[PDB]
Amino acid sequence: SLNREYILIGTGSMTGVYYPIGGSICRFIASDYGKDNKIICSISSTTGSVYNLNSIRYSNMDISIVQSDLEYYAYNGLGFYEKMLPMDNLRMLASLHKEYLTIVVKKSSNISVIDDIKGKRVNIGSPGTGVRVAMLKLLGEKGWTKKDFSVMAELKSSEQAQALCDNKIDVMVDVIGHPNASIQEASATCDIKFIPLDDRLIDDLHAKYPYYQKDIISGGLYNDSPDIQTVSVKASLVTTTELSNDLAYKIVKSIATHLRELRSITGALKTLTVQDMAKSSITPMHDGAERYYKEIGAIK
């Protein structure tokens, strides 16, 4: 019939990074194809990769921005998805920016190494998010549980900057690309520093949790600061085999065609290239996406 294909893209809170990225994708789609009256794209602002992946599982959402941790678990039916069927029909459209496990304190705090966060007021993020998974794994490695902290706050990126500078939390924890506006806000409001992860912790995390890569947040992004050793994951745009070859192709092509605008959406995307988009190490690439990346030589 003459109805447009209605595409819904899971993102996150309007205060976050995913929301404007997804909004931009819908705009690229409208600009490239809107006049042909076959496609209409919308975003969802509900937070969390669990929500988004469940919405995809139940066929009420087509595509979502997620990150590697919950992508890995959903695809494999492991960990938090232990009791569910693997989402074996999940497919990647494009890898996006890296997100780094980022631990931030006031310089005035006593805190210098990871073991100093024990006993403090710390953020563990909202349920169903990459931050929550990272914190559960980190506590896991250290053998720590709720009794070992005075406060386990459940704040989003923006909320943490203010909470940290007001001393309502001692340790901001996020899994985010850099440079990031919330960290910038924090550093403009009080004097902050980053806590690195030690070699053994990074090695153990990468060994146990294949979605975490050993990585470095380069120094000097927000103030005078050193390189910070930590782990990273990737944000990615995922879908399922229910999305047609044609739409997967068209969507990836629209993003690639508008890459220079995408780079401008947030600081962490400035370096993104088509070669970066074409990588997928957890979920198979959608056939229609692969068609595009091969056509332009982003994959050999």
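Numbers for residues come from their place in the sequence shown, where the first is 1.
Practice task
Averaging only over Cα atoms, indicate whether 59-67 or 32-40 has the higher B-factor in the PDB entry.
Solution key: If you average the C-alpha B-factors of 59-67 and of 32-40, the larger mean comes out for 32-40.
Exercise for the section: Higher average CA B factor in the deposited record is what I'm after, so tell me if that's 203-211 or 219-227. Expected result: Taking the mean B-factor of the alpha carbons in each, 203-211 is higher.
Practice task
Compare the CA B factors listed in the entry for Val113, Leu101, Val104, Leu90 and report the winner.
Solution key: In the PDB entry, the greatest C-alpha B-factor among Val113, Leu101, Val104, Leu90 is found at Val113.
Practice task
Identify, among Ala94, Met152, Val171, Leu85, the residue whose C-alpha carries the highest B-factor in the deposited PDB entry.
Solution key: Among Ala94, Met152, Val171, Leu85, the PDB entry lists the largest C-alpha B-factor for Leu85.
Practice task
Just say lowest, middle or highest third for the CA B-factor of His258 relative to the other modelled residues in its chain.
Solution key: As the PDB entry reports it, the C-alpha B-factor of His258 lands in the middle third of its chain.
Exercise for the section: Would you check the entry's CA temperature factor for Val17 and let me know if it's in the chain's lowest, middle or highest third? Expected result: For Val17, the deposited C-alpha B-factor lands in the middle third.
Practice task
Compare the C-alpha B factor of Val122 with those of the other modelled residues in its chain, then answer lowest, middle or highest third.
Solution key: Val122: CA B-factor falls in the lowest third of its chain.
Exercise for the section: Divide the modelled residues of the chain into thirds by Cα B-factor and specify which third, lowest, middle or highest, holds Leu78. Expected result: CA B-factor rank for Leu78: highest third.
Practice task
Determine, from the deposited record, the chain-internal third of the Cα B-factor for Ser281: lowest, middle or highest.
Solution key: Its C-alpha B-factor, which the entry lists for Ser281, ranks in the highest third among residues of this chain.
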